[PDB]
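Below is one structure, written out as structure tokens; the observations come after it.
Within every chain, numbering begins at 1; the chains are lettered A, B, ... in the order of the sequence lines, protein sequences first and strands thereafter.
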Number of protein chains: 6
Amino acid sequence: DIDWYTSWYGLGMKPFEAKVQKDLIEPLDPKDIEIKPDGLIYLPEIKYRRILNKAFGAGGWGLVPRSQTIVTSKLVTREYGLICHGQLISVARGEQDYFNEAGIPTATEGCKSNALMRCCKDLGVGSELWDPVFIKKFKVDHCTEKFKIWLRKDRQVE
Amino acid sequence: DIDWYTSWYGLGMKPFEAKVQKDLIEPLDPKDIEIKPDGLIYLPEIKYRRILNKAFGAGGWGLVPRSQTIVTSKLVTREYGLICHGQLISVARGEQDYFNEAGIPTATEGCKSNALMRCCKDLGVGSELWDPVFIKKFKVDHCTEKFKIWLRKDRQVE
Amino acid sequence: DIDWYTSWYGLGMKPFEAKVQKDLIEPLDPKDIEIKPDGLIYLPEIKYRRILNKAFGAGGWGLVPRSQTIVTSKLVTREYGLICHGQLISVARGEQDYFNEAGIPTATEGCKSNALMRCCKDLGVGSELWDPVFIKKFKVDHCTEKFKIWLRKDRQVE
Amino acid sequence: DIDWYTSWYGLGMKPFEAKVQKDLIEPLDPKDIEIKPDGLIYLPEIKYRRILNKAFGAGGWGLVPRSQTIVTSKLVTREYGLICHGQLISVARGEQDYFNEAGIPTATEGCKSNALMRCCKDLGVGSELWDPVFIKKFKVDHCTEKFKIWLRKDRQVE
Amino acid sequence: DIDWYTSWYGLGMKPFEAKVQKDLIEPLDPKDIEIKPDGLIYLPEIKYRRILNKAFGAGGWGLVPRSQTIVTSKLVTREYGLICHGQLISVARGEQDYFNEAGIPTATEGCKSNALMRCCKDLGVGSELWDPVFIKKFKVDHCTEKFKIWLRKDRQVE
Amino acid sequence: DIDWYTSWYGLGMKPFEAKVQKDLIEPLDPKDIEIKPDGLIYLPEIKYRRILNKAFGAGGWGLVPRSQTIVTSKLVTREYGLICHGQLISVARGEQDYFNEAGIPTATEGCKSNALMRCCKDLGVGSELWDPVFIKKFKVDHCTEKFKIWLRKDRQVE
């Protein structure tokens, strides 16, 4: 049994079976990838959990908080660590903006999922989201600009 | 079990199998290598994780923080150590600039990845990025200058 | 297990196998050797790591810090010790200049690598860099002067 | 395991095998021997390490510091002890001059190597450097004077 | 294991094998013996180490300090003890003059070697240097006077 | 193991083998015996060590100090004890005059050897130096007076 709020068990101590690693590094479908109005591309946070459930399984992974939450005058932030298949994988800080005091609690879920994608970096899940070769190819094959902001070829203005 | 926030276990105590070391010292594809406007060449931080996942595996490596974060009036810095295949490899300080207070938390990921590439030095991963013979050959074969700043032969001004 | 921040384990207690020692004392390629504008010759810091990875292996060596960092009004300095193949080899102080306060953290990597080459002295790696017979032959065979500063025969002014 | 900062283990307790001792007392090549402008002859500090690596091996010897460094208004000094083949051989104080405060850290390597040659006295390595019969023969066979300072027969003024 | 800074182990407890004692009492070559301008004859300090290395071996002997150094307004002095072949042989005070404060550290080596020759008395090494029969014969066979100071028959004024 | 600074081990507990005792009581050669200008005869201090090395051996004997040194306004004095062949033989005070403060350290060797001859009394070494029958015969057979001071028949004025 492990105190996952402070422990580091299993970190780096062995890799998963080849089947798991294959499922972790499998390429993304370009249909799943989004883009902000100012052009930053991203993968929605439920897609990471779908890949995690595919690779390890439900109940085969989980986040733990690793700190107190800090509430600044504009932002909510906290560290979370990612357990997978019985060993710690990563730790990352997460963030979320909030615009009035009633949002301070709701931002916590944004914070948690924001930490999740960061902890997914160290698994290689969706690695091509971070690769400039992929980013600037994607912005040509699958996106466009309108009056000035960015959109996909199958989305509309809001 | 190891307290990776303070331990030094496995450091230097034996090298990996020849297959792992071969995958660590394998040459870079020049298409993966970027260049700043003032001419400094670099390899994007996800490429290091791809090589780490190739050599050791997902879950076969990981960073731990090794200090408190320090937040200066312009910069966020922290030490991180790199565990690989059940033994400590390296420790390095990382950095990231920030330009208004809402960026102090986001800089932490830059900090972490900035420490990662430094910890990758001691593995030989992408060693030719540091070699002047390679640097000044690369600036001729694959890069150019325009009005005055530097670019690749397959990039454009921003 | 060893507290490499304070221990002295293995120091001088036996030499490596002949194969390792041969790879440590093998001569340098004169193409790898650089020269400062005021004439001081040197070998770039990644070349030492390439020889270390060749002789011992990746994960078969590593630096540990051996002190607090000291930050003077012009310089960053720290002691580091060099572990190789399961035994301590050397300890050395390292240095790096810095010219404004935002550089204090970045200088740490210069400091570390500056300590690394010093710790490499006690292995014989690149020993001919220190030999006056070699230095003044090299300055004739492979270097030249221009208006007054020093350069290689295959380099240019900056 | 030994605390080499304070221990005296192995000192005088047995001599090395005849092969090692032969390699320690082997004569110097007069080409390796230098001379100061005011006439004092010396052997450059990397040559001692070459003989040490030849006799014992890389990793078969090493210096430890044996005191705090003292920084006078003109000089940096520290004691170092020399471990060889699993036993302490010698302890000596080392020195190095420094001329502005930014040199205080760099002098440490001079200090260390200055202690190394002193610790090499007690091995007989390069013993003829200390022998007046050899010194005044060498100053005739291999050196000369010019307007007034001393030089070798294959060196020039600086 | 022995704390040679305070111990007295082996002192007087048995003599060496006859071969060692023969090598210790073997006569000096008169070519090795020097003379001061005011007539005092001596044997240079490296010659004692050559005889010690011949009799015991490299690593078969060694000095330890036996006190703090004392720094008077003109002189540096310290006790040293001489270990040989696994047993203490002798303890002696050593001396060296110094003429400005920058010499205080350098005098330590003179101090150490000055103690060494004194510790060599109790071995019989070079015993004829102390014998008046030998001294006044040597001053006739091998030395001379000039305008008034003393010299060897194969030396010159300085 | 014995704390020879305070112990009394072996004192009087058995005599040496007959061979050793014979070598201790063997007569002096009158050529070895000196005489002061005011007529006091003596045997130089290296001769005692030669007889000690002959009887016991090198490493078969040794002095230990037995007190702090006392420095009067004219004299340096200290007790020393004489170990031989694994047992304490004697303890004696030694003396030496000094005439300016820079001589206080050098007098220590005179002190030590002055104690040595006193410790040699209790062995019978050179016993005839103390015998009036021998003294006044020696002053006739081997010495003479000149204008008024004493000399040997094969010495000269200084």
Notebook entry, point to check: Considering residues, nucleotides and ligands other than C/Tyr9, do more than 12 of their heavy atoms fall under 6.0 Å from its OH?
Noted result: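 No, OH of C/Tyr9 has 12 or fewer neighbouring heavy atoms, counting only those of other groups under 6.0 Å.
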Minimum heavy-atom distance between C/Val64 and B/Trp8, given as atom pair plus value:
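Reported closest heavy-atom pair: CG1-CE3, 3.8 Å.
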Which of the residues [options] is involved in the greatest number of heavy-atom pairs with chain B at under 4.5 angstrom?
options	answer
C/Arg50, C/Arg155, C/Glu45, C/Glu101	C/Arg50
C/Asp32, C/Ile83, C/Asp1	C/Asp1
C/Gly10, C/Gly62, C/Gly59, C/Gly86	C/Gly59
C/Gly57, C/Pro65, C/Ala58	C/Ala58

- Query: Is any residue of residues 107-133 of chain C within less than 4.5 Å of chain B by heavy atoms, and which ones?
  - Reply: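 Contacts with chain B: C/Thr108, C/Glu109, C/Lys112.
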message = How long is the straight-line distance from CG of B/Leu75 back to OG1 of C/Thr106, given to the nearest 0.5 Å?
response =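 It is 7.0 Å, given to the nearest 0.5 Å.
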| query | Roughly how far, to the nearest 0.5 Å, is CD1 of C/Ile104 from OG1 of B/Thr77? | reply |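 Result: 10.5 Å between the selected atoms.
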Quick one: of B/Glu95, B/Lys14, B/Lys74, who has the most non-hydrogen atom pairs under 4.5 Å with chain C?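 Winner by heavy-atom pair count: B/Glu95.
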Legend entry - Of all pairs that satisfy ring-ring contact (aromatic ring centres under 6.0 Å, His included), the ones with a partner from residues 44-89 of chain C, not counting sequence neighbours: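 ring-ring contact (aromatic ring centres under 6.0 Å, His included) check on residues 44-89 of chain C returns C/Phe16-C/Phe56.
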**Report entry** Verdict with reasoning, B/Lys136 to C/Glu158, per salt bridge (charged side-chain N to carboxylate O under 4.0 Å, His left out)
**Finding:** CA-CA 13 Å; B/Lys136 287 180 176 176; C/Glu158 296 189 11; 2.8 Å; yes
request  = Counting only heavy atoms closer than 4.5 Å, note whether B/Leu11 contacts chain C via side chain, backbone, both or neither.
outcome  =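 Both backbone and side chain.
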Part of C/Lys47 within contact of chain B (heavy atom distance under 4.5 Å) |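 Just its side chain gets close to chain B.
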Problem - Contacting region of C/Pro44 [heavy-atom separation from chain B under 4.5 Å] - result: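 Side chain of C/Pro44 only, per the 4.5 Å heavy-atom cut-off to chain B.
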